[PDB]
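Peer 1: Need coordinates for the following:
(11 chains, ligands or ions: 11)
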Amino acid sequence: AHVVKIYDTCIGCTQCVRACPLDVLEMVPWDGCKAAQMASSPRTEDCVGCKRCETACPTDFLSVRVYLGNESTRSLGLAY
Amino acid sequence: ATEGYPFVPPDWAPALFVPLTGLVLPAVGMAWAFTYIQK
Amino acid sequence: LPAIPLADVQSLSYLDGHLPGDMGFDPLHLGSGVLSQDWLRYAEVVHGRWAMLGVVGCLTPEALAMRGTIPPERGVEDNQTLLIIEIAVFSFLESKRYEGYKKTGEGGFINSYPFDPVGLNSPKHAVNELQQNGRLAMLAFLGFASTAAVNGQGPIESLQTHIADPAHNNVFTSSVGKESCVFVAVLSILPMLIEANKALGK
Amino acid sequence: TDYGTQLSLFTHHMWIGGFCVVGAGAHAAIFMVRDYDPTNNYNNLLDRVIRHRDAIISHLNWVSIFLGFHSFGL
Amino acid sequence: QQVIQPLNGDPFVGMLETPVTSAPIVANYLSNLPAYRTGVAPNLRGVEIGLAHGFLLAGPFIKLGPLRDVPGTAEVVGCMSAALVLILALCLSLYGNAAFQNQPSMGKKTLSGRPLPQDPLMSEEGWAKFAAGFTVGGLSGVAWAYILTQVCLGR
Amino acid sequence: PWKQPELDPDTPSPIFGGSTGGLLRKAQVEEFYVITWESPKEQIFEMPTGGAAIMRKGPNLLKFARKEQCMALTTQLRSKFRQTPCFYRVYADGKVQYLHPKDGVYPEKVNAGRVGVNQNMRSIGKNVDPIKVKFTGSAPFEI
Amino acid sequence: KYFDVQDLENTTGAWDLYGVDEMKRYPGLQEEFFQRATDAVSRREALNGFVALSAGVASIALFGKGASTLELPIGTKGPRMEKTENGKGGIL
Amino acid sequence: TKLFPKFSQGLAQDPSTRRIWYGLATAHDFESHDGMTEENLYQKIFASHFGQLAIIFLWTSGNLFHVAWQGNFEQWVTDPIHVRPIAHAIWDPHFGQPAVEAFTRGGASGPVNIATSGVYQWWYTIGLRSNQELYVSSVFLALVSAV
Amino acid sequence: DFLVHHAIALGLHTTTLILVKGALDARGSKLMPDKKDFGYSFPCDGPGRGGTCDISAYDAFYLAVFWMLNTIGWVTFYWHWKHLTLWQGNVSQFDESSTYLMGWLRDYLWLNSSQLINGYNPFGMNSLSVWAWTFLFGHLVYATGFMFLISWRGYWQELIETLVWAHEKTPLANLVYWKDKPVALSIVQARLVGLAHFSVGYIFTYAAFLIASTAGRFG
Amino acid sequence: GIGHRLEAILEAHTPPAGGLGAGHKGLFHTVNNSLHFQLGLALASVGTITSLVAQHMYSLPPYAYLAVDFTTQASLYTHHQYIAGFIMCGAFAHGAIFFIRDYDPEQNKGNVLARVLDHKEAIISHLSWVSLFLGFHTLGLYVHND
Amino acid sequence: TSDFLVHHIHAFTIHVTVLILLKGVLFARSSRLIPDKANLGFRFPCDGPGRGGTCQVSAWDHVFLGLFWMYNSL
Ligand code: CLA
Ligand code: CLA
Ligand code: CLA
Ligand code: CLA
Ligand code: CLA
Ligand code: CLA
Ligand code: CLA
Ligand code: CLA
Ligand SMILES: CC1=C(/C=C/C(C)=C/C=C/C(C)=C/C=C/C=C(C)/C=C/C=C(C)/C=C/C2=C(C)CCCC2(C)C)C(C)(C)CCC1
Ligand code: SF4
Ligand SMILES: [Ca+2]
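Peer 2: Numbering: from 1, shown residues only, chains lettered A, B, ... in the order given. Ligands and ions are numbered 1, 2, ... in the order given. Below, you will see the structure:
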């Protein structure tokens, strides 16, 4: 599926986890920001690629990136 | 033929070569291609 | 299989030589299926039967003085209705042959009699000699068909002319086939190309 | 006997009518997106229509293709 | 008191039982048709399907065609139908050698839908068997349409 | 949550007329999902496949074909009726898999019980160029 | 109860809403006529070979297009032909 | 898991029609094929180059053959201003009575189409004057294409 | 010839602008700085940050193909009209009627197309009928390309989903099934197919008109 | 023991007084190590000479009785010009592919290839000005005369 | 016969326009591809390049496509 990455320039606002409609990203604790939490993506195989996380990212440049790749039945959004 | 042998073709040439490459050749080509596309 | 067609040619992997007439020549891999080659083999032998009978079928009438050298049905005693009874008797006979072949293979019998060894002869060498003579007649009947190039000349008559002049009475020059030279040219260079390809692809 | 005004009036009224029907198709979707509450419509015509939308669209799709072939292939 | 409801008491599926399908006249008639019959042998199924199709693929071909105005040739214009059913048998065999691939066997799901077994027509050899029956049936149906169109009497 | 609640059958499913958009041949040949929740009263919700259905009291269970449909119904019940749903993924063999919430708290919290994955300690823009990752099959972000 | 985990071959939609099972359709010995008739083409390679050899019918069929009298080989007509095409020149 | 995109396992593991279409798109992007080195890339390019040269020579050989079989080259040499060049013959079972009568131009026995490629003037300028020289040169070009 | 030469200069500088901009801004821009990490032909980078439709260098080349076709069409229209007026001894027609675009449309596209469309009428046909047929064939290919250029993938994805439901729940046709799931063409593929249809129609229509209008009234 | 070296000529071609900075240093390895650069250069040269062939064949006919054939000249000119246009678009396409796939900035630092990339906004903006000038005035003169 | 042909042409174009508009209205709420299309609004660009691409999936986009077909029909 698609490859999602979270860079260290994250501020931990927890907006990408709220914008993800397939429960791909999560918030793990961190010790490098004021909120002491950084996003992660354990369910990468469920990424569909709608890029809502990138629109929800407030920092410049985006801390989360969705690099599209190979497509499967789950990533193509097929219901049949 | 006569004094023209080098690539000189018989009269019923397009009557048997056009009915071949226009129907037999694309049919066998598409059949082999479909079997190769599938597993 | 040890003989081989041209000089030394790598016999095909599918042909292990189990078949009695495995000359090691089998180009484009037309037959490689286990259940398909047996049926093809049955076809080849049935062909030889009709062709051998055919070669000596035209040889007899041609040797003596008669009509039909090139065209049949000069007169005859049965018209059209004959042709219908021909297909009827053959359909019954052929259905029996197919049924017999399915049971044991190498169907050699007349009407409905699974094995036909009247003469009590059936050794291995005779099975092989059937094939080699059938292959030969299948290749000889085409020369009988090739009387078109030779026109009015018949099979025995074409031989007679070739005896009178052995250089100006052959397919290479006396016939209208100038491409026979190109056939023997590519048939002569093809072997070397196969050995060359296989050798290069080490 | 005034072909200019005849052709002009016909063409003008036809264009105004077509523009209005496309606008109707637009506002129906606007209503369905904003003012559609799935509480006052439990088993009515609107709920049943939205329930078999797949059957409706597939049939309209087939009719469209059939008319195109039989009306343009000629 | 509606004639429309879900199937088996579970509505989350796409197939919603409507009057057309629910209809007993439609239910029994579809089951009677030669394709939905599972116990009958595949060769038999293919022959019946091929007979009906080979017969219907002639008329619209013999009335509208390149030689539809030449009297005897018009009857001879029905041969194309034979060529058509030949192309149909070739593509049917092509679909069978690729639908149920050797790698993919049953393809899963035994299917309940009332006490009854999986149709053997979906096997690898079953589709070839069907292809055979369809070929003989189509060739025979086209030949019957051509024989019947000359001795039909007052057609 | 504190233990993965095992999905169990014989749960009262919501009253709903027969829809048309759901459970095709993939829901049987490959996989399908199922969402369970608890309702405190009787209300009418909107299914993400057609019309509206009601909420049967007690437990509730619904089945869908895509994970996005279950996630859409999950966020609708969490923001409009203040509920706490959970869905599973049923495979073809019958292997049930817990899916949300995996940690069981919520996916937008911390809980200090999960390890971060797919993170780059560098900032975007510090990635090396396409020329450097040649025939390596890897990419700048992957590196 | 609307979903089951073990008997999933009946709760998802795996049904046959138009198929009955019976060993009888056609009359006795009629099937036998069609069995022997369809035995030869029963295999995949057999039918593909049948239509491959029957594909040569188009080649042979075109040769016997004399009965059809298709415009193609009947003639091009010497009396009337477009050898006067264009007005600048008689031929070109 | 199918096996048509042999050069890409990613597209080979695609359960949709996207595998077919993309299988015909990235077929020449040797720089992004599964398990490809610089040496393998350069050698693959060197082979495709020879394939292109072979098809180019085969195409020009076919042009010489068609003009030598149906073109009125010998008739065009004796009068290069009035007569029109002939590309090849036209065999169409879909043609009607008036199509066969109207498609016959340039002094031919059957329907043909006039050539706009301008190869007649080129061959007449370089030296080709007979209908046999084009024949022997066409077989020579086919031979060099095979090599 | 002054104005037409300026039109040729305009087409050259515009095509060069699109291609040079797509080549220089290929590895990054201010709207997308990590573009080099996305490859050469990607659909977009979502509808965020205003929207990034047609942002790859492949998309830039795709947009430049239309300008290249327009520039070559202008230079060939100029060549064909100047030679079309020189060959018939009416060199004063183009010199006095080539200054206004209505003169271009009347004396070039409308006057020289009298014999092309008359290939097949209800009074029979002629040698030019094949050119007349391909002259309309090119128009049909062009119009089909406009479909892939205007309509985008999401509308078609929903349509294909409805057709899938139709084939699954239909009697006597549910026996067969697709080996690969049917899906709509991708965004990049849709741009490529539309461009191919646009270029093929643009080429076939002009080749038919050129050969027919020249062959029809000359040798 | 005779001849020239391409790398030596490229390294020696650097004007003093910092006109081009590093000059053509590293350009030999940049061109030889990349395939899209060579493909873009070859397509640019081929696309230019194809148009040259088209412009010289109609003015200076090289074949006998070619000026009399009016359809042949038109078809040949149109064919060669369209082929040249497609090849010219491919040259710039491969140049963009080169910049994305095989352009490492650390190898050729401060040379002409990395130097033209520093004022890409200036180059693109001036191209935009020229295109706007020609478009506005050619369209305006045509509409005024119309 | 020509009146028959043009009348069938008119019926075909009317069916395509009603297909585009009715699809937009019936799928403007929530489709099977994008289940949360109602919360996305009525006039939105797309839903990103996921699922292969979801450009013009909004109800407003269907009206834009419809306008084109109404022009082609009238
Ligand atoms: C690659 C260029 C080319 C093209 C575009 C065409 C196009 C056409 N040919 Mg032609 N042909 C060609 C080359 C070409 N031919 C060559 C090189 C030969 C000599 C072998 C022929 C011999 C030929 C004949 C005899 C006839 C045609 C005919 C036709 C027309 C009908 C379509 C058809 O039946 O295909 C053509 C069918 C073929 C079998 C020819 C294909 C040649 C293959 C590709 C090469 C065969 C190998 C050969 C032994 C040479 C070895 C070289 C090899 C190693 C590359 C069509 C306009 C028919 C026609 O109607 O005339 C108008 C017709 O009867 N062609
Ligand atoms: C590209 C090559 C090609 C060739 C060679 C042909 C050839 C032909 N086409 Mg055609 N066609 C083509 C492409 C081609 N087409 C394409 C690309 C299209 C799509 C636009 C069409 C669409 C098209 C249509 C709509 C029609 C044709 C028709 C025809 C036939 C002309 C009419 C006729 O005389 O009937 C043929 C008369 C015959 C006697 C031929 C009979 C021989 C056939 C081919 C085989 C039958 C033998 C049978 C299989 C025996 C089985 C043996 C058994 C023992 C097993 C003709 C043989 C017409 C037609 O089919 O006539 C009804 C017609 O209606 N074509
Ligand atoms: C809708 C468009 C259309 C239609 C209706 C026709 C119709 C016709 N064309 Mg044609 N054609 C078309 C488009 C069309 N064409 C296009 C676009 C081209 C260019 C590519 C051509 C090129 C072309 C050629 C070259 C020729 C024809 C010819 C013909 C005639 C005979 C062709 C034939 O094989 O018979 C029909 C064969 C069939 C198999 C028809 C099947 C009928 C189906 C099954 C409907 C009947 C059942 C229906 C589903 C009812 C349901 C029943 C229920 C129980 C389910 C025929 C009247 C031939 C002719 O000479 O004309 C007289 C001919 O030579 N056409
Ligand atoms: C009489 C004194 C003199 C003069 C006048 C020159 C002049 C020149 N030298 Mg030279 N040189 C000299 C002495 C001199 N040299 C001496 C004594 C030595 C030591 C022996 C050298 C050694 C030397 C070397 C080794 C080289 C030069 C080079 C050059 C040339 C380019 C220099 C430069 O900076 O590029 C120009 C500066 C720029 C910033 C380029 C500007 C680009 C413009 C703005 C682009 C605009 C394009 C636009 C689209 C135009 C529209 C027009 C339309 C038709 C398209 C230049 C013509 C270089 C060369 O050969 O290049 C040809 C080279 O490498 N010189
Ligand atoms: C009874 C008529 C009617 C009414 C009251 C409305 C009312 C409304 N429509 Mg609507 N609509 C209608 C008919 C109508 N429509 C028709 C006939 C169509 C089909 C074309 C549409 C299609 C349509 C769409 C697609 C949309 C609306 C939307 C809206 C809403 C906001 C529109 C807005 O903000 O205005 C803004 C005012 C303008 C944009 C000025 C219009 C400028 C036009 C485009 C220029 C026309 C050029 C002119 C004819 C010639 C000038 C030549 C030039 C040289 C000067 C609003 C409630 C929008 C919405 O979001 O709904 C909630 C929405 O996007 N409508
Ligand atoms: C000339 C250009 C063109 C063409 C041909 C089409 C064609 C089509 N469009 Mg379309 N469209 C276009 C431009 C075009 N569009 C543009 C510019 C836009 C932007 C506004 C759209 C927007 C649009 C939308 C939104 C929709 C369509 C839809 C459709 C399909 C409806 C099918 C139908 O009912 O009629 C019949 C179809 C045809 C007549 C196609 C032509 C086929 C001919 C007859 C060839 C016959 C086959 C031939 C003989 C075989 C060739 C043989 C060969 C393989 C060798 C149809 C195939 C609708 C759809 O998807 O269908 C439900 C749909 O919703 N279009
Ligand atoms: C010396 C010539 C040359 C060479 C060797 C290459 C080589 C390459 N190109 Mg390139 N290119 C060229 C010229 C060349 N190109 C030209 C002239 C253009 C301008 C048109 C382009 C524009 C271009 C782009 C935009 C891209 C490439 C890409 C690529 C790379 C892989 C894609 C590929 O080739 O797969 C093969 C591709 C196909 C098989 C598609 C074929 C479909 C064609 C285009 C349609 C045919 C038209 C129609 C069907 C004709 C039939 C008409 C009908 C009536 C019969 C590859 C290394 C791609 C890349 O870098 O990878 C991301 C990339 O995106 N090229
Ligand atoms: C960009 C393209 C373009 C150009 C270059 C022109 C040019 C011209 N047009 Mg035209 N036109 C165009 C587009 C264009 N047009 C278009 C697109 C249309 C369609 C809408 C028209 C429709 C049109 C019509 C209908 C007419 C013209 C006319 C004219 C002429 C008018 C001269 C004038 O205005 O008097 C003089 C204007 C002024 C003196 C303005 C005064 C400005 C200040 C006050 C003075 C400037 C300072 C002064 C010079 C002191 C400076 C000191 C300095 C020495 C230091 C002129 C040659 C007219 C004509 O006569 O045709 C020949 C006329 O009939 N045009
Ligand atoms: C002697 C003479 C003369 C002169 C001339 C001259 C001076 C020349 C020239 C010329 C020129 C001046 C030409 C050119 C052209 C060019 C082009 C056409 C271009 C290009 C480029 C490109 C296309 C690029 C690509 C790329 C990129 C994009 C980037 C980087 C990489 C690469 C490189 C790949 C005269 C006329 C006066 C007179 C006569 C004689
Ligand atoms: S190309 Fe499609 S998905 Fe990408 S930004 Fe544009 S509309 Fe959205
Ligand atoms: Ca000579």
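Peer 1: Wait, residue H:93 touches residue G:70, no?
Peer 2: Yes: Residue H:93 lies in contact with residue G:70 (CB atoms under 8 Å); the separation is 5.8 Å. Every C-beta, even on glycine, is put in place using the N, C-alpha and C of the backbone.
Peer 1: quick one: which of the two has more around it?
Peer 2: residue G:70 (19 against 15; other CB atoms under 10 Å in any protein chain shown).
Peer 1: Quickly note the distance from the most centrally placed residue in chain B to residue G:58.
Peer 2: In chain B, the residue lying closest to the centroid (CA atoms, centre = their mean) is residue B:21, at 3.7 Å. Distance of residue B:21 to residue G:58, computed by CB to CB, to the nearest Å: 11 Å.
Peer 1: Which parts of chain I are helices?
Peer 2: I:2-24, I:57-87, I:91-97, I:101-104, I:129-150, I:153-168, I:187-217 (DSSP state H).
Peer 1: can you check chain A too?
Peer 2: Counting by DSSP H, the helices of chain A are A:16-19, A:52-56.
Peer 1: Look up the closest residue to residue I:120, ignoring the ones flanking it.
Peer 2: Of all residues not flanking residue I:120 in the chain, residue I:129 sits nearest, at 4.5 Å (CB to CB, 6 or more residues apart in numbering or on different chains).
Peer 1: what about residue C:10, helix or strand, and which?
Peer 2: Following DSSP states H and E, one finds residue C:10 outside all helices and strands.
Peer 1: and the nearest residue to it once chain neighbours are set aside, how far is that from ligand 8?
Peer 2: Closest residue to residue C:10 apart from its sequence neighbours, by CB to CB, 6+ apart: residue C:198 at 6.5 Å. Noted for residue C:198: a distance of 75 Å to ligand 8, by CB to the nearest ligand atom, to the nearest Å.
Peer 1: Which secondary structure state does the residue nearest to the centre of chain B sit in?
Peer 2: On the three-state scheme (DSSP: H, G, I helix; E, B strand; the rest coil), residue B:21 is labelled helix.
Peer 1: who in chain H is up against chain I?
Peer 2: Counting by CB under 8 Å from any CB of the partner chain, the residues of chain H close to chain I are H:2, H:15-22, H:25, H:84, H:98-99, H:102-103, H:105, H:113-114, H:116.
Peer 1: From the residues you listed, list just the buried residues.
Peer 2: The neighbour-count test (16 or more other CB atoms under 10 Å in any protein chain shown) applied to those identifies H:2, H:15-19, H:21-22, H:84, H:98-99, H:102-103, H:105, H:113-114, H:116 as buried.
Peer 1: Just the ones in strands from the residues you listed, please.
Peer 2: H:113, H:114 (DSSP state E).
Peer 1: Out of the helices of chain I, the one nearest residue J:55 is which?
Peer 2: helix I:57-87 (9.8 Å; CB to CB).
Peer 1: right, is the closest one up against ligand 7?
Peer 2: Yes: judged by CB under 6 Å from any ligand atom, helix I:57-87 and ligand 7 are in contact via I:58, I:61.
Peer 1: Might you name the residue of chain E sitting closest to ligand 9?
Peer 2: As assessed by CB to the nearest ligand atom, ligand 9 sits closest to residue E:98 within chain E, at 44.4 Å.
Peer 1: distance of the residue of chain H found nearest ligand 5 from residue K:48?
Peer 2: Going by CB to the nearest ligand atom, ligand 5 is nearest to residue H:18 of chain H, at 32.0 Å. As judged by CB to CB, residue H:18 and residue K:48 stand 17 Å apart.
Peer 1: ok, now residue E:77?
Peer 2: 56 Å.
Peer 1: now residue I:216
Peer 2: For residue I:216, the distance to residue K:48 - CB to CB - is 53 Å.
Peer 1: right, and residue C:169 touches residue C:160 too?
Peer 2: No: counting by CB under 8 Å, residue C:169 does not reach residue C:160; the two are 9.8 Å apart.
Peer 1: These two: which is more packed in?
Peer 2: residue C:169 (17 against 11).
Peer 1: so what's that one closest to, chain neighbours aside?
Peer 2: residue C:162 (4.8 Å).
Peer 1: and if you look at residue C:96?
Peer 2: residue C:112 (4.3 Å).
Peer 1: Could you measure from residue I:153 over to ligand 5?
Peer 2: From residue I:153 to ligand 5 the distance is 21 Å (CB to the nearest ligand atom).
Peer 1: Please report the distance of the residue nearest to that residue when sequence neighbours are not counted from residue I:42.
Peer 2: Closest residue to residue I:153 apart from its sequence neighbours, by CB to CB, 6+ apart: residue K:53 at 4.0 Å. Computed as CB to CB, the residue K:53 to residue I:42 distance reads 11 Å.
Peer 1: Of these two, which one has the most company?
Peer 2: residue K:53 (26 against 20).
Peer 1: can you pull the contacts of that one?
Peer 2: I:43, I:152, I:153, I:154, I:157, I:184, I:186, I:187, K:46 (CB atoms under 8 Å, 6 or more residues apart in numbering or on different chains).
Peer 1: Filter those down to the buried ones.
Peer 2: I:43, I:152, I:153, I:154, I:157, I:184, I:186, I:187, K:46.
Peer 1: I'd like these as a markdown table, with distance to residue C:151 appended.
Peer 2: What follows is these, written out as a markdown table (distance: CB to CB, whole Å):
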| residue | distance to residue C:151 |
| --- | --- |
| I:43 | 72 |
| I:152 | 72 |
| I:153 | 69 |
| I:154 | 74 |
| I:157 | 71 |
| I:184 | 66 |
| I:186 | 66 |
| I:187 | 70 |
| K:46 | 78 |
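Peer 1: Between the residues you listed, which sits nearest chain E?
Peer 2: Distance to chain E across the buried ones among the contacts of residue K:53 (CB to the nearest CB) is lowest for residue I:157, with 17.6 Å.
Peer 1: my read: that closest one touches residue K:51, true?
Peer 2: Yes: with contact defined as CB under 8 Å, residue I:157 counts as touching residue K:51 (7.0 Å).
Peer 1: Let me see the contact set for the nearest residue to residue E:136 once chain neighbours are set aside.
Peer 2: Once flanking residues are discounted, residue E:136 sits nearest to residue G:38: 5.1 Å by CB to CB, 6+ apart. Residue G:38 makes contact with E:43, E:46, E:47, E:129, E:132, E:133, E:135, E:136 under the criterion CB under 8 Å, 6+ apart.
Peer 1: rerun that using 6 Å as the cut-off
Peer 2: For residue G:38, the contact set (CB atoms under 6 Å, 6 or more residues apart in numbering or on different chains) comprises E:43, E:132, E:133, E:136.
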